[PDB]
Amino acid sequence: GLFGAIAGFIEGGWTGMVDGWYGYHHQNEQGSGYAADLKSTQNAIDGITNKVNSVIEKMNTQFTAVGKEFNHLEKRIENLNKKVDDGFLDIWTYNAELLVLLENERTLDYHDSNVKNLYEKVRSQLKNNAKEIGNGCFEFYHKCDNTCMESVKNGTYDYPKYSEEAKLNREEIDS
Amino acid sequence: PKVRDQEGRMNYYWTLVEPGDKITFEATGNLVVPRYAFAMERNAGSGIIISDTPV
Ligand SMILES: *[C@@H]1O[C@H](CO)[C@@H](O)[C@H](O)[C@H]1NC(C)=O
């Protein structure tokens with residue numbers, strides 16, 4: 001999309017990730033599984049909830065009876081009343097249709113941005129320790145157990161702790 | 001022209017008498033005097049819905 005991640009360099013979504021909108025997939029000796037990034041997902045839920053409530057709650061009306069009744073010699077004001085009713089209809093129909101179109105595009109872009117930013121955060125943490133193998137995936141140059149995975153998903157990855165082990169494996173494999 | 005077998009006609013009028021005011025009817029004929037009036041307090045808004053939808 002606008003940020004190139006959803007339906008972009010990350011081609012498809014995950015049906016096996018049920019606890020959030022954005023997240024991770026890992027695999028090591030101990031197995032594999034899916035986990036949502038709770039921080040980014042909760043921000044998106046807060047933003048989208050606010051976006052929905054704003055579109056609805058900013059419409060506050062007063063008590064009003066639209067209808068009017070006119071006799072056979074009041075045709076001009078009857079048509080004037082019809083013009084007012086039709087004019088509001090056209091304004092509200094046009095604005096409502098376009099607001100939905102424009103906000104849907106921005107919402108899909110917003111989700112695309114979040115997935116893009118999540119990938120970039122991980123890439124900035126891992127640096128040389130992992131290889132970008134495409135499709136939003138990193139393949140480590142050092143074994144990364146469940147505890148190591150939790151550090152990445154929590155943003156507490158210790159690059160120097162594995163930097164030398166990754167360096168040796170990176171330098172051999174590239175020789 | 002006959003409408004409901006009547007070649008005559010009858011016009012209907014109404015007025016709102018403010019509290020404490022007086023209304024006088026005087027005639028030498030042709031007057032359909034009031035018998036029941038209505039003391040009332042108007043609201044603001046609402047209208048008349050014309051429909052077969054049930055209450
Ligand atoms: C995850 O990161 C937060 C950052 O504030 C830290 O406080 C927390 O201890 C980390 N989780 C674990 C299990 O260490």
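As stated in the entry header, the method of structure determination is X-ray crystallography and the reported resolution is 2.75 Å.

*Asks:* What should I look at first to understand the overall build of chain B in this one?
*Replies:* Counting secondary structure elements, chain B contains zero helices and zero strands. Here the C-alpha atoms of chain B give a radius of gyration of 18 Å, more than 25% beyond the 10 Å that 2.2 N^0.38 yields for 55 residues. For chain B, buried positions account for 0% of its 55 residues. Within the structure as shown, chain B displays about 6,700 Å² of accessible surface, and the carbon and sulfur contribution to it stands at 52%.

*Asks:* Help me understand helix α2 (residues 75-126) of chain A in this model?
*Replies:* Each α-helix winds once per 3.6 residues, and so residues spaced three or four apart point in a common direction. Over its 52 residues, α2 of chain A runs 76 Å from end to end, which matches the ideal 76 Å to within 8%, given 1.5 Å per residue. A positive backbone phi angle near 50 degrees is found at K127 of chain A, which sits one or two residues after α2 of chain A.

*Asks:* What exactly am I supposed to notice about unusual backbone geometry here?
*Replies:* With the exception of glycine, the majority of residues adopt a negative phi angle, and the majority of peptide bonds are in the trans configuration. Backbone geometry at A7 of chain A places phi at a positive 55 degrees, although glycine is not the residue there. As for its placement among the helices and strands, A7 of chain A is situated in the segment before β1 (23-28). For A7 of chain A, a relative accessible area of 66% translates into the label exposed. The phi dihedral of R4 of chain B falls on the positive side, at around 50 degrees, and the residue is not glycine. You can call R4 of chain B exposed: its relative accessible area is 78%.

*Asks:* What is the right way to look at the packing of aromatic side chains in this model?
*Replies:* In this description, a pair of aromatic rings is defined by centroid distance and the angle of the planes. Considering all chains together, one arrives at four aromatic pairs over all chains under this definition. Put simply, the rings of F9, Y119 and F138 of chain A pair up and form one aromatic cluster.

*Asks:* Explain the pairing of strand β4 (residues 137-140) of chain A here, please?
*Replies:* Side chains on a regular strand alternate between the two faces of the sheet. Relative to β4 of chain A, strand β3 (residues 130-134) of chain A runs antiparallel, the two being bridged by four bridges. Bridged to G134 of chain A within β4 of chain A is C137 of chain A.

*Asks:* How should I be thinking about helix α3 (residues 146-153) of chain A in this particular structure?
*Replies:* All names here are of chain A. Of the positions making up α3, those classed as buried are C148, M149, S151 and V152. Viewed end-on, α3 has its buried residues packed into an arc of 155 degrees, placing them on one side of the element. α3 presents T147 and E150 as exposed residues on the side facing more than 90 degrees away from its buried surface. Against the buried residues of α3 lie β1, α2, β4 and α4 (159-173). Two residues or fewer past α3, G155 is found with a positive phi of approximately 75 degrees.

*Asks:* Would you mind showing me how to read the state of the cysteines here?
*Replies:* Here is the idea: a disulfide is a covalent bond, and it sits between the sulfur atoms of two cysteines. All names here are of chain A. Counted according to the given criterion, the structure contains one disulfide over all chains. Each sulfur of the disulfide joining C144 and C148 lies 2.0 Å from the other. Its torsion about the S-S bond being -95 degrees, the disulfide of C144 and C148 is classed as left-handed. Classification of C144 by relative accessible area gives buried; the value is 7%. We classify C148 as buried; its relative accessible area is 1%.

*Asks:* Can you help me understand the layout of surface pockets in this one?
*Replies:* All names here are of chain A. The computed volume of the largest pocket comes to approximately 1,200 Å³. Together, 40 residues line the largest pocket, and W14, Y24, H25, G136 and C137 are the ones closest to its centre. One number sums up the size of the second largest pocket: a volume of about 930 Å³. For the lining of the second largest pocket, the per-class residue count stands at 18 nonpolar, three polar and three charged.

Criteria and thresholds
- Residues numbered from 1 in each chain as written, not as in the entry; some residues may be left out.
- Chains lettered and ligands numbered in written order.
- Part of a larger assembly, values for the part shown.
- Heavy atoms only, no water.
- Helix = DSSP H or I, 4+ residues; strand = E, 2+ residues; numbered from the N terminus.
- Rg over C-alpha atoms; globule rule 2.2 N^0.38 Å.
- Buried < 20%, exposed > 50% of the residue type's maximum accessible area, 1.4 Å probe, protein only.
- Areas by Shrake-Rupley, 256 points an atom, 1.4 Å probe, with all protein chains shown as cover.
- Expected span 1.5 Å × (residues − 1).
- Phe/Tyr/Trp six-rings, centres within 6.5 Å; stacked < 30°, edge-to-face > 60°.
- Pairing = 2+ DSSP bridges.
- Arc of directions from axis to C-beta.
- Contact = heavy atoms within 4.5 Å.
- Disulfide = S-S within 2.5 Å.
- 1 Å grid on protein atoms, 1.4 Å probe; cavity = no way out; pocket = protein on both sides within 12 Å on 5 of 7 lines; lining within 4 Å.
- Points joined across faces, edges and corners; volume = space filled by probe spheres on them.
- Nonpolar A, V, L, I, M, F, W, Y, C, P; charged D, E, K, R; others polar.

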